[PDB]
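Student: Coordinates in coords15.cif, mmCIF, C-alpha atoms and all ligand atoms, are listed below.
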```
data_entry
#
loop_
_atom_site.label_atom_id
_atom_site.label_comp_id
_atom_site.auth_asym_id
_atom_site.auth_seq_id
_atom_site.Cartn_x
_atom_site.Cartn_y
_atom_site.Cartn_z
CA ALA A 31 48.72 77.91 115.47
CA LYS A 32 47.76 74.59 113.93
CA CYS A 33 50.38 73.21 111.53
CA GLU A 34 51.12 69.89 109.87
CA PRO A 35 54.91 69.50 110.43
CA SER A 36 54.54 70.19 114.19
CA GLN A 37 58.26 71.01 114.37
CA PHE A 38 60.14 74.05 115.77
CA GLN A 39 57.19 76.46 115.54
CA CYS A 40 58.76 79.92 115.48
CA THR A 41 57.34 83.09 117.01
CA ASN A 42 55.75 83.91 113.64
CA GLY A 43 53.61 80.79 114.13
CA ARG A 44 55.22 78.67 111.39
CA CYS A 45 56.39 75.16 112.29
CA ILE A 46 60.02 74.99 111.14
CA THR A 47 60.41 71.51 109.63
CA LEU A 48 63.73 69.89 110.55
CA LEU A 49 64.77 70.21 106.90
CA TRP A 50 63.48 73.81 106.84
CA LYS A 51 65.60 74.33 109.95
CA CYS A 52 68.54 73.70 107.57
CA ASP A 53 66.90 74.66 104.26
CA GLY A 54 69.04 77.81 103.97
CA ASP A 55 65.97 79.90 103.07
CA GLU A 56 65.47 81.74 106.35
CA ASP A 57 61.69 81.97 106.58
CA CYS A 58 60.61 83.04 110.06
CA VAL A 59 61.43 86.52 111.36
CA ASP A 60 64.01 84.86 113.60
CA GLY A 61 66.87 83.25 111.71
CA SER A 62 65.47 79.90 112.82
CA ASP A 63 65.83 78.10 109.46
CA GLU A 64 69.64 77.98 109.91
CA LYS A 65 69.96 76.77 113.52
CA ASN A 66 70.78 73.56 115.40
CA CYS A 67 70.77 71.05 112.55
CA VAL A 68 73.08 69.14 110.22
CA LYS A 69 73.80 70.77 106.86
CA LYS A 70 76.48 70.96 104.20
CA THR A 71 77.43 74.54 105.19
CA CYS A 72 79.17 74.93 101.78
CA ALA A 73 77.54 73.78 98.50
CA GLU A 74 79.54 73.21 95.31
CA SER A 75 79.23 76.98 94.74
CA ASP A 76 80.50 77.97 98.24
CA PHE A 77 83.93 78.62 99.88
CA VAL A 78 85.17 77.10 103.17
CA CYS A 79 86.88 79.94 105.08
CA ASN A 80 89.72 78.50 107.26
CA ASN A 81 87.81 78.59 110.64
CA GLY A 82 84.90 76.51 109.12
CA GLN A 83 82.76 79.54 108.02
CA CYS A 84 80.97 79.26 104.62
CA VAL A 85 80.34 82.11 102.11
CA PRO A 86 79.81 82.75 98.33
CA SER A 87 82.86 81.43 96.48
CA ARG A 88 82.99 84.60 94.38
CA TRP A 89 84.03 86.50 97.54
CA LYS A 90 87.35 84.58 97.52
CA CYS A 91 90.33 86.64 96.19
CA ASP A 92 88.31 89.75 95.10
CA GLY A 93 90.40 92.55 96.76
CA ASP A 94 87.69 93.09 99.48
CA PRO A 95 87.45 90.91 102.70
CA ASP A 96 84.16 89.23 103.77
CA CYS A 97 84.15 86.20 106.17
CA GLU A 98 84.92 86.83 109.88
CA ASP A 99 88.44 85.23 109.95
CA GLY A 100 89.31 87.08 106.67
CA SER A 101 90.09 83.72 104.93
CA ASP A 102 88.30 84.75 101.66
CA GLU A 103 90.89 87.57 101.28
CA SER A 104 94.01 86.45 103.17
CA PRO A 105 97.01 86.70 100.71
CA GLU A 106 97.80 83.10 101.64
CA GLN A 107 94.54 82.14 99.82
CA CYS A 108 95.44 84.26 96.73
CA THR B 215 78.27 98.94 100.75
CA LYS B 216 77.53 99.27 104.46
CA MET B 217 73.77 99.60 104.90
CA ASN B 218 72.58 101.86 107.70
CA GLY B 219 70.20 100.62 110.40
CA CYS B 220 70.29 97.02 109.20
CA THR B 221 70.63 93.88 111.33
CA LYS B 222 69.48 90.95 109.15
CA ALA B 223 70.31 90.12 105.55
CA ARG B 224 66.62 89.57 104.83
CA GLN B 225 65.88 93.20 105.67
CA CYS B 226 67.47 94.24 102.35
CA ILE B 227 67.46 93.05 98.76
CA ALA B 228 69.55 93.81 95.69
CA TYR B 229 69.41 92.74 92.05
CA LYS B 230 71.50 93.26 88.93
CA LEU B 231 70.29 95.14 85.86
CA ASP B 232 69.69 92.87 82.88
CA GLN B 233 67.67 93.00 79.65
CA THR B 234 69.87 91.17 77.07
CA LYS B 235 66.73 89.39 75.81
CA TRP B 236 63.27 90.06 77.15
CA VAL B 237 61.52 87.43 79.23
CA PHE B 238 58.49 85.36 78.32
CA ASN B 239 55.77 86.21 80.80
CA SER B 240 55.74 83.15 82.99
CA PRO B 241 54.19 82.19 86.32
CA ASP B 242 57.68 81.78 87.74
CA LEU B 243 58.99 85.25 86.82
CA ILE B 244 57.88 88.26 88.83
CA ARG B 245 57.02 91.13 86.52
CA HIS B 246 58.83 94.43 86.36
CA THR B 247 56.81 97.47 87.36
CA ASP B 248 56.75 98.45 83.67
CA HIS B 249 55.05 95.27 82.50
CA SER B 250 54.19 96.83 79.14
CA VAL B 251 54.79 94.42 76.27
CA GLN B 252 58.36 95.10 75.17
CA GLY B 253 58.09 92.92 72.07
CA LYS B 254 56.44 89.99 70.36
CA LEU B 255 58.00 86.71 69.20
CA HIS B 256 56.54 84.59 66.42
CA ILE B 257 55.47 81.21 67.81
CA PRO B 258 57.12 78.65 65.52
CA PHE B 259 55.58 75.62 63.83
CA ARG B 260 52.33 76.94 62.37
CA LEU B 261 49.62 74.33 62.21
CA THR B 262 48.78 73.91 58.53
CA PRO B 263 46.45 71.69 56.52
CA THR B 264 48.01 68.71 54.76
CA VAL B 265 46.96 65.30 53.43
CA CA C 1 64.09 78.01 106.28
CA CA C 2 86.42 89.02 99.52
#
```
For this file, produce the structure as structure tokens.
Ligand SMILES: [Ca+2]
Ligand SMILES: [Ca+2]

Tutor:
Amino acid sequence: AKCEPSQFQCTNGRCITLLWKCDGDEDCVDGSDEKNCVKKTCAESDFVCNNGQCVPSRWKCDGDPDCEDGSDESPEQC
Amino acid sequence: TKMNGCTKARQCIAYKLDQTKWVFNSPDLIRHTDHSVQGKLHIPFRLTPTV
């Protein structure tokens, strides 16, 4: 379809702006707003799990593991 | 809580219960299904005649 940004048009027909591609608000049906672009994967509210994964900081040291390397809930972190 | 049949985080939604003080109807706040007026607040600073 016709769009103004003319960037990364997903299967839903919406042109994913390069910023939108890293906006963190996944918009298209495909998780295309979080792919192949530069972004601060952790904000000031977010925790860097040891392998480079990023997740809600509240998940750190909560008694219940979350990120795929377990870094949010490894006893070494708590 | 593991959610059955799910594959993407956008397929589900969850929100906390809160009512500590009611919300001013505002274009930025989605209404609850029971949008009946829960209360009324007196708008301060009445305009009054003066010299
Ligand atoms: Ca997006
Ligand atoms: Ca955790």

Student: For range 68-72 of chain A, list every protein, DNA or RNA residue within 10 Å, evaluated using all atoms listed in the file, and leave out those in the same chain fewer than 6 positions away; present the list as a PyMOL selection string.

Tutor: chain A and resi 48-49+51-54+78-79+82-87

Student: May I ask you to extract the residues of chain B within 10 Å of chain A, using all atoms listed in the file, and to give them as a PyMOL selection string?

Tutor: chain B and resi 222-225

Student: Closest to ligand CA 1 (chain C) among A:74, A:31, A:58, A:103, using only C-alpha atoms and all ligand atoms?

Tutor: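 The closest residue to ligand CA 1 (chain C) is A:58.
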
Student: Show me which residues are within 10 Å of ligand CA 2 (chain C) counting only C-alpha atoms and all ligand atoms, and format the list as a short mmCIF file (atom, residue, chain, number, x, y, z; two decimals) with C-alpha atoms, in the frame of the given file.

Tutor:
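The result, stored in pocket10.cif:
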```
data_model
loop_
_atom_site.label_atom_id
_atom_site.label_comp_id
_atom_site.auth_asym_id
_atom_site.auth_seq_id
_atom_site.Cartn_x
_atom_site.Cartn_y
_atom_site.Cartn_z
CA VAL A 85 80.34 82.11 102.11
CA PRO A 86 79.81 82.75 98.33
CA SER A 87 82.86 81.43 96.48
CA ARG A 88 82.99 84.60 94.38
CA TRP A 89 84.03 86.50 97.54
CA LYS A 90 87.35 84.58 97.52
CA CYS A 91 90.33 86.64 96.19
CA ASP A 92 88.31 89.75 95.10
CA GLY A 93 90.40 92.55 96.76
CA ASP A 94 87.69 93.09 99.48
CA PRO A 95 87.45 90.91 102.70
CA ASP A 96 84.16 89.23 103.77
CA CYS A 97 84.15 86.20 106.17
CA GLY A 100 89.31 87.08 106.67
CA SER A 101 90.09 83.72 104.93
CA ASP A 102 88.30 84.75 101.66
CA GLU A 103 90.89 87.57 101.28
CA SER A 104 94.01 86.45 103.17
#
```

Student: Point out the residue among B:235, B:241, B:215, B:227 with the least atom-to-atom distance to residue 253 in chain B, counting only C-alpha atoms.

Tutor: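 The closest residue to residue 253 in chain B is B:235.
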
Student: Could you check how far CA of residue 37 in chain A sits from CA of residue 221 in chain B, in Å to one decimal?

Tutor: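 So the answer is 26.2 Å.
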
Student: Near residue 36 in chain A, counting all atoms listed in the file, which residues have an atom at most 9 Å away, once you skip same-chain residues fewer than 4 positions from it, shown as an MDAnalysis selection string?

Tutor: chainID A and resid 32 44:47

Student: For CA of residue 236 in chain B and CA of residue 257 in chain B, determine how far apart the two atoms are, in Å to one decimal place.

Tutor: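 Separation of CA of residue 236 in chain B and CA of residue 257 in chain B: 15.0 Å.
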